[PDB]
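Visitor: Would you mind keeping the following structure in view while I ask a few things?
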Amino acid sequence: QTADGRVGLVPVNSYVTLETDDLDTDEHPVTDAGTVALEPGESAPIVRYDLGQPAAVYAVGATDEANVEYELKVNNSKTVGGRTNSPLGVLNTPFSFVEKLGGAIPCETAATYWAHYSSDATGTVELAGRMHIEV
Amino acid sequence: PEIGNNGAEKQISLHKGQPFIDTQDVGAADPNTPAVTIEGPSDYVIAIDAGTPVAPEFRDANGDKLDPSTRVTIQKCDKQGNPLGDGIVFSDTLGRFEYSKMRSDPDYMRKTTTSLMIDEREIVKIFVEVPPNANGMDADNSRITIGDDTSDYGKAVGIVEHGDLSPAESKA
Amino acid sequence: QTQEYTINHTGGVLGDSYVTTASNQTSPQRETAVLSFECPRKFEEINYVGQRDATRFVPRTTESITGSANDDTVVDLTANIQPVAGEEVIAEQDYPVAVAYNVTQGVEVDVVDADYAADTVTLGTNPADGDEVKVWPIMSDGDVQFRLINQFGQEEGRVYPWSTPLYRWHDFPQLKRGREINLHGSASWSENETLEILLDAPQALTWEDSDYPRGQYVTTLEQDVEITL
């Protein structure tokens, strides 16, 4: 009846959904199915967005463990949420920044969802995640 | 008796035996762990100029110096212990000080690179990168000093009470 | 934006992956590549300036002997030798010209003095017959230089044409402003591009031995650079 364009009409060919299989070959820890992390407590990355152009973070999700911390950082320095025991978001039900608050996290150069494995813990761990981005 | 109204911008220096500073032991290959933590006291403002001297004097538990390939990095942090890329200063190696004459000599006196400021509630950390198969740091014998009071050489750490000046909020 | 950091022959701001070390070659005198640093993914660019950025590079070599019944207390060498910035005395130097270690007696070995004219050095101890020894004397008679690589092993230029001798490098007292060393040239590069630090000298230098007392990594490099975040 009225206001067909009210929904927003996000720009097409400007929206991406990353996975673990798109990090690189360069970064050391990687497998075929999902990311791993060493026992002494390596800071294994799960998701990374490297691209010279800016972007915005609409959503994040990742697996969960018992003795692991996680964080998310816009450019290569700054973390937004310092640390967490029970992470935000999971697979098939991620954490929508736009839903839970107004706006989205901007990103100029690159973003990264790091995972810190606690040295107190022991044994190998497999991890994975997903992230929804718009330029 | 008579005392002069000294200026608010007081010239000071930092060391271990203070309340707003802390340290903790370190092992090997542990960059994320800060060996030393500093925090801004309440209603005060600290200022560290670019030509400020720096002086870590870490040790081993047995009373030895560590591998000079070891690295030291002073670094400013946002609140919640969160580091930052900008504002960092003094990414130096643990060698090439000659601790004997280090503070003594203006030559051995290694200064910072860029200016720095600490708002009332902020953090500055000192990360250390030791190569593996080496000895760990011992907090009983380690120490930091920065700034140079009490010498015509070097610079000093500025401090001011926030509640005195009106544009202190603007400067922060 | 811009900072002034130090970078080392291991890890540091890079992370031990985009460094690589290597030894030289002896019989064919050739401009080997002993070290190289590749700009990682995360940085924007790296700069490098002469007469602005300080430097340090302490190399050594390795040699061995065989214990004998006769009281040696002295060993010849295959490398030209001099003191650290010049002096006959030991323990006054900025660092020891030479280090020795006995395999059997897992202990350090002091040094008294040396001729410093021929390839000679004294030992203070009295090694036993059959005991294995290692020594890491100073190195001499070499040249050092820089070059850039555009991701492919494919040179485009050279920082500074004329090589500086490592001999002179040891001669100057290091780590003194005014007397600090500062090469020439103004280089800059970006992501995944490499700076190679190259060596031309006969004697076989080292990076790792796993039985050296004064630290794990024997030699070292420590260079100042400017980085754009």
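Chains as they are written, first to last, in the entry's author numbering: chain b, 39 to 173; chain D, 2 to 173; chain B, 4 to 232.
The beta-carbon is built from N, C-alpha and C at its ideal position, and this holds for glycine as well.
Taking a contact to mean a Cβ-Cβ separation below 7 Å, would you say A153 (chain b) touches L165 (chain b) in this structure?
Guide: Walking along the first sequence from the start, residue 153 (chain b) turns up at place 115. Walking along the first sequence from the start, residue 165 (chain b) turns up at place 127. Against a cut-off of 7 Å, the Cβ pair of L165 (chain b) and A153 (chain b) comes out as a contact.
Visitor: Closer than 8 Å by beta-carbon distance: list the chain D residues that pair up with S115 (chain b), in chain order.
Guide: To locate residue 115 (chain b), count along the first sequence from 1; it is residue 77. Chain D residues near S115 (chain b): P84, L85, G86 and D87.
Visitor: In whole angstroms, what is the alpha-carbon distance linking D149 (chain D) and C42 (chain B)?
Guide: On the second sequence, residue 149 (chain D) is found 148 positions in, with the first residue counted as 1. On the third sequence, residue 42 (chain B) is found 39 positions in, with the first residue counted as 1. For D149 (chain D) and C42 (chain B), the distance between alpha carbons rounds to 36 Å.
Visitor: Can you tell me whether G161 (chain b) is helix, strand or coil according to DSSP?
Guide: Mapped onto the first sequence, residue 161 (chain b) falls at position 123. Three-state result, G161 (chain b): coil.
Visitor: What does a CB cutoff of less than 6 Å around residue 191 (chain D) pick up in its chain, not counting 5 residues either side in sequence?
Guide: With chain D covering 2 to 173 only, the question about residue 191 (chain D) has no answer from this structure.
Visitor: Apart from the five residues on each side of it in sequence, which residues of its chain come closer than 6 Å, Cβ to Cβ, to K17 (chain D)?
Guide: One-based indexing of the second sequence puts residue 17 (chain D) at position 16. Around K17 (chain D): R144.
Visitor: Could you work out which residues of chain B lie near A135 (chain D), taking near to mean beta carbons separated by less than 7 Å?
Guide: The residue given as residue 135 (chain D) occupies position 134 in the second sequence. Neighbours of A135 (chain D) on chain B, chain order: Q219.
Visitor: Let me make sure I understand the geometry here. Which of B:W172, B:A131, B:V115 and B:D132 has the alpha-carbon closest to that of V124 (chain B)?
Guide: Translated into positions along the third sequence, residue 124 (chain B) becomes position 121. Taking only the C-alpha atoms, the option nearest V124 (chain B) is B:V115.
Visitor: Return the residue from the list B:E194, B:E196, B:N195 and B:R171 that minimises the CA-CA distance to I184 (chain B).
Guide: For this step, residue 184 (chain B) is matched to residue 181 along the third sequence. Closest option to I184 (chain B), Cα to Cα, is B:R171.
Visitor: Indicate whether residue 235 (chain B) and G160 (chain B) have their beta-carbon atoms separated by less than 7 Å.
Guide: Nothing can be reported for residue 235 (chain B), as the shown portion of chain B is limited to 4 through 232.
Visitor: Going residue by residue through the stretch 105-171 of chain b, where are the continuous beta strand (DSSP E) segments of at least 3 residues, counting only ones entirely within it?
Guide: Within the stretch 105-171 of chain b, the complete beta strand (DSSP E) runs of at least 3 residues are 106-111, 117-119, 143-145, 148-155 and 163-165.
Visitor: Give every residue of the same chain whose Cβ lies closer than 7 Å to the Cβ of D61 (chain D), excluding the five residues on either side of it in the sequence, and list them in chain order.
Guide: On the second sequence, position 60 is the one that residue 61 (chain D) refers to. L67, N136 and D139, listed in sequence order.
Visitor: Would you kindly report the start and end of the unbroken alpha helix (DSSP H) that includes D88 (chain b)?
Guide: Position 50 of the first sequence holds residue 88 (chain b). That residue, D88 (chain b), is in no alpha helix (DSSP H); its beta strand (DSSP E) goes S81 to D88.
Visitor: For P132 (chain D), decide whether its Cβ has a neighbour in chain B, counting only Cβ atoms nearer than 7 Å.
Guide: For this step, residue 132 (chain D) is matched to residue 131 along the second sequence. Output row for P132 (chain D): interface = yes.
Visitor: With a threshold of 16 other CB atoms inside 10 Å of the CB of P140 (chain B), please say whether the residue is buried or exposed.
Guide: One-based indexing of the third sequence puts residue 140 (chain B) at position 137. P140 (chain B) comes out buried.
Visitor: Do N83 (chain B) and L208 (chain B) count as a contact pair if the criterion is CB distance below 7 Å?
Guide: Here residue 208 (chain B) refers to the residue found at position 205 of the third sequence. Here residue 83 (chain B) refers to the residue found at position 80 of the third sequence. It is not a contact, given that the beta carbons lie outside the stated cut-off.
Visitor: Excluding the 5 residues preceding and the 5 following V77 (chain B) in the sequence, name in chain order all residues of the same chain whose CB lies nearer than 6 Å to its CB.
Guide: Position 74 of the third sequence holds residue 77 (chain B). Taken in chain order, the residues that qualify are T125.
Visitor: For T114 (chain D), would you say it is in contact with chain B, using Cβ-to-Cβ distances shorter than 7 Å as the test?
Guide: In the second sequence, residue 114 (chain D) corresponds to position 113, counting from 1. With 7 Å as the cut-off, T114 (chain D) counts as an interface residue toward chain B.
Visitor: Counting only Cβ pairs nearer than 7 Å, list the residues of chain D close to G127 (chain b).
Guide: By 1-based counting over the first sequence, the position of residue 127 (chain b) is 89. The contacting residues do not exist; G127 (chain b) stays about 20 Å from chain D at best.
Visitor: Please list the segments of the alpha helix (DSSP H) lying wholly inside the stretch 13-75 of chain B, counting only runs of 4 or more residues, in order along the chain.
Guide: Those alpha helix (DSSP H) runs which fall completely within the stretch 13-75 of chain B and span 4+ residues do not exist here.
Visitor: Which residue's Cα is closest to the Cα of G155 (chain D): D:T146, D:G52, D:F21 and D:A36?
Guide: To locate residue 155 (chain D), count along the second sequence from 1; it is residue 154. Nearest C-alpha to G155 (chain D): D:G52.
Visitor: Three-state secondary structure (DSSP) at residue 233 (chain B)?
Guide: Outside the shown range of chain B, which is 4 to 232, sits residue 233 (chain B), and nothing can be said about it.
Visitor: Give the C-beta separation of residue 2 (chain B) and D97 (chain B) to the nearest angstrom, bearing in mind that I take them to be a contact with Cβ-Cβ under 8 Å.
Guide: Any answer about residue 2 (chain B) is impossible in this case: the structure gives chain B only from 4 up to 232.
Visitor: Based on DSSP bridge pairs, tell me the residues matched to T115 (chain D).
Guide: In the second sequence, residue 115 (chain D) corresponds to position 114, counting from 1. Answer is none; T115 (chain D) lacks a bridge partner.
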